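What follows is the content of my_file-v8.cif (mmCIF, N, CA, C and O atoms).
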```cif
data_structure
#
loop_
_atom_site.label_atom_id
_atom_site.label_comp_id
_atom_site.auth_asym_id
_atom_site.auth_seq_id
_atom_site.Cartn_x
_atom_site.Cartn_y
_atom_site.Cartn_z
N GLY P 1 46.32 -42.70 50.56
CA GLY P 1 46.54 -43.75 51.54
C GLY P 1 45.60 -44.93 51.35
O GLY P 1 46.04 -46.05 51.09
N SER P 2 44.30 -44.67 51.47
CA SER P 2 43.30 -45.72 51.31
C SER P 2 43.58 -46.56 50.08
O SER P 2 43.50 -47.79 50.12
N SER P 3 43.92 -45.90 48.98
CA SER P 3 44.22 -46.58 47.73
C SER P 3 44.91 -47.92 47.99
O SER P 3 45.69 -48.05 48.93
N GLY P 4 44.63 -48.90 47.15
CA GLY P 4 45.23 -50.21 47.30
C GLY P 4 45.07 -51.08 46.07
O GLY P 4 44.26 -50.78 45.19
N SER P 5 45.84 -52.16 46.00
CA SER P 5 45.78 -53.07 44.87
C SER P 5 46.08 -54.50 45.30
O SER P 5 46.43 -54.75 46.45
N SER P 6 45.94 -55.44 44.37
CA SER P 6 46.19 -56.85 44.65
C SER P 6 46.12 -57.68 43.38
O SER P 6 45.69 -57.20 42.33
N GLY P 7 46.53 -58.94 43.48
CA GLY P 7 46.50 -59.83 42.33
C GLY P 7 47.84 -60.47 42.05
O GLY P 7 48.25 -61.39 42.75
N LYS P 8 48.54 -59.97 41.03
CA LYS P 8 49.84 -60.50 40.67
C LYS P 8 49.87 -62.02 40.80
O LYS P 8 50.87 -62.60 41.21
N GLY P 9 48.77 -62.66 40.43
CA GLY P 9 48.69 -64.11 40.52
C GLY P 9 48.37 -64.75 39.18
O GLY P 9 47.71 -64.14 38.34
N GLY P 10 48.84 -65.98 38.99
CA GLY P 10 48.59 -66.68 37.74
C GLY P 10 49.86 -67.29 37.16
O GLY P 10 50.94 -66.72 37.27
N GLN P 11 49.71 -68.46 36.54
CA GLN P 11 50.85 -69.14 35.94
C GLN P 11 50.96 -68.83 34.45
O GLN P 11 51.22 -69.71 33.64
N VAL P 12 50.75 -67.56 34.11
CA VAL P 12 50.82 -67.13 32.71
C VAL P 12 52.23 -66.66 32.36
O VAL P 12 52.93 -66.09 33.20
N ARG P 13 52.63 -66.89 31.12
CA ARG P 13 53.96 -66.49 30.65
C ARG P 13 53.85 -65.54 29.47
O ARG P 13 53.65 -65.96 28.33
N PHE P 14 53.98 -64.24 29.74
CA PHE P 14 53.90 -63.23 28.70
C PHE P 14 54.82 -62.06 29.01
O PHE P 14 55.27 -61.89 30.14
N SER P 15 55.11 -61.25 27.99
CA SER P 15 55.98 -60.10 28.15
C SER P 15 55.17 -58.84 28.45
O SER P 15 53.95 -58.83 28.31
N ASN P 16 55.87 -57.78 28.85
CA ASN P 16 55.21 -56.51 29.17
C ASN P 16 54.33 -56.05 28.01
O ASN P 16 53.10 -56.01 28.14
N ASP P 17 54.95 -55.72 26.89
CA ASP P 17 54.22 -55.27 25.71
C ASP P 17 53.21 -56.32 25.26
O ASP P 17 52.07 -55.99 24.92
N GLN P 18 53.63 -57.58 25.27
CA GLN P 18 52.76 -58.68 24.87
C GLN P 18 51.44 -58.64 25.63
O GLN P 18 50.37 -58.65 25.03
N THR P 19 51.53 -58.59 26.96
CA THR P 19 50.35 -58.55 27.80
C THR P 19 49.48 -57.34 27.48
O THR P 19 48.27 -57.46 27.29
N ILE P 20 50.11 -56.17 27.42
CA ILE P 20 49.40 -54.94 27.13
C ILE P 20 48.45 -55.12 25.95
O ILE P 20 47.24 -54.95 26.08
N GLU P 21 49.01 -55.47 24.79
CA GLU P 21 48.21 -55.68 23.59
C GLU P 21 47.24 -56.84 23.78
O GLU P 21 46.05 -56.72 23.48
N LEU P 22 47.75 -57.96 24.27
CA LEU P 22 46.93 -59.15 24.49
C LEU P 22 45.59 -58.77 25.13
O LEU P 22 44.57 -59.39 24.87
N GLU P 23 45.62 -57.73 25.97
CA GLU P 23 44.41 -57.27 26.64
C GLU P 23 43.63 -56.30 25.76
O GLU P 23 42.45 -56.51 25.47
N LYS P 24 44.30 -55.24 25.32
CA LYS P 24 43.67 -54.23 24.47
C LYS P 24 42.84 -54.89 23.38
O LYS P 24 41.93 -54.28 22.83
N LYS P 25 43.16 -56.14 23.07
CA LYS P 25 42.44 -56.88 22.04
C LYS P 25 41.17 -57.51 22.61
O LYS P 25 40.07 -57.22 22.15
N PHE P 26 41.34 -58.37 23.61
CA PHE P 26 40.20 -59.03 24.24
C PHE P 26 39.08 -58.04 24.53
O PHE P 26 37.91 -58.41 24.59
N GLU P 27 39.45 -56.77 24.71
CA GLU P 27 38.48 -55.73 25.00
C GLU P 27 37.53 -55.53 23.82
O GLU P 27 36.31 -55.52 23.98
N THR P 28 38.11 -55.36 22.63
CA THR P 28 37.32 -55.16 21.42
C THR P 28 36.62 -56.45 21.00
O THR P 28 35.57 -56.41 20.36
N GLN P 29 37.21 -57.58 21.36
CA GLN P 29 36.65 -58.88 21.02
C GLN P 29 37.12 -59.95 21.99
O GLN P 29 38.30 -60.28 22.05
N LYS P 30 36.18 -60.50 22.76
CA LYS P 30 36.49 -61.54 23.74
C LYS P 30 37.15 -62.74 23.06
O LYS P 30 37.95 -63.44 23.67
N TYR P 31 36.79 -62.97 21.80
CA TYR P 31 37.34 -64.09 21.05
C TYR P 31 38.02 -63.60 19.77
O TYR P 31 37.97 -62.41 19.44
N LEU P 32 38.67 -64.52 19.06
CA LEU P 32 39.36 -64.18 17.83
C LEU P 32 39.42 -65.39 16.89
O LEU P 32 39.92 -66.45 17.26
N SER P 33 38.90 -65.21 15.68
CA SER P 33 38.90 -66.28 14.69
C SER P 33 40.32 -66.73 14.35
O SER P 33 41.28 -65.97 14.49
N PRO P 34 40.46 -67.98 13.91
CA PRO P 34 41.76 -68.55 13.54
C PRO P 34 42.56 -67.63 12.64
O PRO P 34 43.76 -67.43 12.83
N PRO P 35 41.89 -67.05 11.63
CA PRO P 35 42.53 -66.14 10.68
C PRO P 35 43.37 -65.07 11.37
O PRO P 35 44.47 -64.74 10.92
N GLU P 36 42.85 -64.54 12.47
CA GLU P 36 43.56 -63.51 13.23
C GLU P 36 44.53 -64.14 14.22
O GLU P 36 45.75 -63.99 14.10
N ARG P 37 43.98 -64.83 15.22
CA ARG P 37 44.80 -65.48 16.24
C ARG P 37 46.12 -65.98 15.65
O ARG P 37 47.16 -65.91 16.29
N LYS P 38 46.05 -66.47 14.41
CA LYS P 38 47.24 -66.98 13.73
C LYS P 38 48.24 -65.86 13.48
O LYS P 38 49.43 -66.00 13.79
N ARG P 39 47.77 -64.76 12.92
CA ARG P 39 48.62 -63.62 12.63
C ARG P 39 49.08 -62.94 13.92
O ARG P 39 50.24 -62.55 14.05
N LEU P 40 48.16 -62.79 14.87
CA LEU P 40 48.47 -62.16 16.14
C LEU P 40 49.67 -62.82 16.80
O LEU P 40 50.62 -62.14 17.21
N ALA P 41 49.64 -64.14 16.90
CA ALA P 41 50.73 -64.90 17.50
C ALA P 41 52.07 -64.53 16.86
O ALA P 41 53.12 -64.71 17.47
N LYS P 42 52.01 -64.03 15.64
CA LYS P 42 53.22 -63.64 14.92
C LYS P 42 53.58 -62.18 15.20
O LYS P 42 54.75 -61.81 15.19
N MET P 43 52.56 -61.37 15.45
CA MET P 43 52.77 -59.95 15.74
C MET P 43 53.32 -59.76 17.15
O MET P 43 54.27 -59.01 17.36
N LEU P 44 52.72 -60.45 18.11
CA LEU P 44 53.15 -60.36 19.50
C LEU P 44 54.22 -61.40 19.81
O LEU P 44 54.73 -61.46 20.93
N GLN P 45 54.56 -62.20 18.81
CA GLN P 45 55.57 -63.24 18.98
C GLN P 45 55.10 -64.31 19.97
O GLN P 45 55.92 -64.93 20.65
N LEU P 46 53.79 -64.51 20.03
CA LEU P 46 53.22 -65.50 20.94
C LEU P 46 52.85 -66.77 20.19
O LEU P 46 53.05 -66.87 18.97
N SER P 47 52.32 -67.75 20.91
CA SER P 47 51.92 -69.02 20.31
C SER P 47 50.40 -69.13 20.23
O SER P 47 49.68 -68.59 21.07
N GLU P 48 49.92 -69.85 19.22
CA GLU P 48 48.49 -70.03 19.02
C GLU P 48 47.82 -70.45 20.32
O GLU P 48 46.79 -69.90 20.71
N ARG P 49 48.41 -71.44 21.00
CA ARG P 49 47.86 -71.93 22.26
C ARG P 49 47.90 -70.85 23.33
O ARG P 49 47.07 -70.84 24.24
N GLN P 50 48.87 -69.95 23.22
CA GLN P 50 49.01 -68.86 24.18
C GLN P 50 47.97 -67.78 23.95
O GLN P 50 47.47 -67.17 24.89
N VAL P 51 47.63 -67.55 22.68
CA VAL P 51 46.65 -66.54 22.32
C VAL P 51 45.23 -67.11 22.40
O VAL P 51 44.26 -66.36 22.46
N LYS P 52 45.13 -68.43 22.39
CA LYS P 52 43.84 -69.10 22.46
C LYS P 52 43.45 -69.39 23.90
O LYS P 52 42.27 -69.33 24.27
N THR P 53 44.45 -69.70 24.73
CA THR P 53 44.21 -70.00 26.13
C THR P 53 43.96 -68.72 26.93
O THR P 53 42.99 -68.63 27.68
N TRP P 54 44.84 -67.74 26.76
CA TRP P 54 44.71 -66.47 27.46
C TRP P 54 43.30 -65.92 27.33
O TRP P 54 42.58 -65.77 28.32
N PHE P 55 42.90 -65.60 26.10
CA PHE P 55 41.57 -65.06 25.84
C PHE P 55 40.50 -65.92 26.49
O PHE P 55 39.73 -65.45 27.33
N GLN P 56 40.44 -67.19 26.10
CA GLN P 56 39.46 -68.12 26.65
C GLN P 56 39.30 -67.91 28.15
O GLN P 56 38.20 -67.62 28.63
N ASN P 57 40.39 -68.06 28.89
CA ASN P 57 40.37 -67.89 30.34
C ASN P 57 39.93 -66.48 30.71
O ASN P 57 39.15 -66.29 31.65
N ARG P 58 40.42 -65.49 29.97
CA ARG P 58 40.08 -64.10 30.22
C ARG P 58 38.57 -63.93 30.36
O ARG P 58 38.06 -63.57 31.42
N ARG P 59 37.85 -64.18 29.27
CA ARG P 59 36.40 -64.05 29.27
C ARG P 59 35.78 -64.75 30.48
O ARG P 59 35.03 -64.15 31.24
N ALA P 60 36.11 -66.03 30.64
CA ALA P 60 35.60 -66.81 31.76
C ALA P 60 35.60 -66.00 33.05
O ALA P 60 34.73 -66.17 33.90
N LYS P 61 36.58 -65.11 33.18
CA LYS P 61 36.69 -64.26 34.36
C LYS P 61 35.93 -62.95 34.17
O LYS P 61 35.15 -62.54 35.03
N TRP P 62 36.16 -62.30 33.04
CA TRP P 62 35.49 -61.04 32.73
C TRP P 62 33.99 -61.14 32.97
O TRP P 62 33.38 -60.24 33.54
N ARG P 63 33.40 -62.26 32.54
CA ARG P 63 31.97 -62.48 32.71
C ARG P 63 31.52 -62.11 34.12
O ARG P 63 30.62 -61.29 34.31
N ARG P 64 32.17 -62.71 35.12
CA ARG P 64 31.84 -62.45 36.51
C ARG P 64 32.06 -60.98 36.85
O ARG P 64 31.30 -60.39 37.63
N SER P 65 33.09 -60.38 36.26
CA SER P 65 33.41 -58.98 36.51
C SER P 65 32.30 -58.07 35.99
O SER P 65 31.93 -57.10 36.64
N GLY P 66 31.79 -58.40 34.81
CA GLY P 66 30.72 -57.60 34.22
C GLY P 66 29.36 -57.93 34.79
O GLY P 66 29.08 -59.08 35.16
N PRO P 67 28.49 -56.92 34.88
CA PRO P 67 27.13 -57.09 35.41
C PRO P 67 26.24 -57.91 34.48
O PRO P 67 25.29 -58.55 34.93
N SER P 68 26.56 -57.88 33.19
CA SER P 68 25.79 -58.62 32.20
C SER P 68 25.26 -59.93 32.78
O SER P 68 25.98 -60.93 32.85
N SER P 69 24.00 -59.92 33.20
CA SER P 69 23.38 -61.10 33.78
C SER P 69 23.10 -62.15 32.71
O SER P 69 23.51 -63.31 32.83
N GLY P 70 22.40 -61.75 31.66
CA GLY P 70 22.08 -62.66 30.58
C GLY P 70 20.94 -62.16 29.71
O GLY P 70 20.19 -62.95 29.14
#
```
So, in terms of structure tokens, how does the structure I just supplied come out?
Amino acid sequence: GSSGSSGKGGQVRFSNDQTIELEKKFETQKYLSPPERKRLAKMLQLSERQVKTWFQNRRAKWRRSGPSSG
């Protein structure tokens, strides 16, 4: 009962599988060099700007989520 959730917010455009991986990646690396991001956009069928914006914004948020002060 107590259990609960929230969010489902954001003007992001991605697919189920796309999002799944898109995240599983940022986990191992908050960022991604051009060499990869380029190929990734082809693997997940996403766009460079989509793989560059998502991550970028992701970290910006993750930072606050993580205790890592500095």
Could you find all residues in chain P that DSSP calls alpha helix (DSSP H) from the backbone, and write them as a PyMOL selection string? chain P and resi 16-28+34-43+48-65
Please, what distance in Å, to one decimal, runs between atom C of residue 42 of chain P and atom N of residue 16 of chain P? 14.5 Å
One decimal place gives the atom N of residue 8 of chain P-atom C of residue 66 of chain P separation as 20.3 Å
Name all residues at most 9 Å from residue 44 of chain P (count only C-alpha atoms; drop same-chain ones fewer than 2 positions away) and give them as a list in words. residues 17, 18, 19, 21, 22, 39, 40, 41, 42, 46 and 47 of chain P
Just need the box for segment 10-21 of chain P, edges along x, y and z, holding every atom the file lists for it with 5 Å tacked onto each side, so centre and edge lengths in Å to one decimal, as AutoDock Vina command-line options.
```
--center_x 51.0 --center_y -62.3 --center_z 31.2 --size_x 19.9 --size_y 24.8 --size_z 25.5
```
Residues of segment 40-65 of chain P at most 8 Å from segment 23-32 of chain P: nearest atom pair and distance in Å, only C-alpha atoms, as JSON lines:
```
{"residue": "P:55", "atom": "CA", "partner": "P:26", "partner_atom": "CA", "distance": 6.4}
{"residue": "P:56", "atom": "CA", "partner": "P:31", "partner_atom": "CA", "distance": 7.2}
{"residue": "P:58", "atom": "CA", "partner": "P:30", "partner_atom": "CA", "distance": 7.8}
{"residue": "P:59", "atom": "CA", "partner": "P:30", "partner_atom": "CA", "distance": 6.1}
```
State, in Å with one decimal place, the distance from atom N of residue 65 of chain P to atom C of residue 20 of chain P.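 Those two atoms sit 19.2 Å apart.
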For residue 33 of chain P, which of P:64, P:6, P:45, P:52 is the closest residue, counting only C-alpha atoms? P:52
Of the candidates P:43, P:54, P:63, P:69, which shows the shortest atom-to-atom distance to residue 11 of chain P, using only C-alpha atoms? P:54
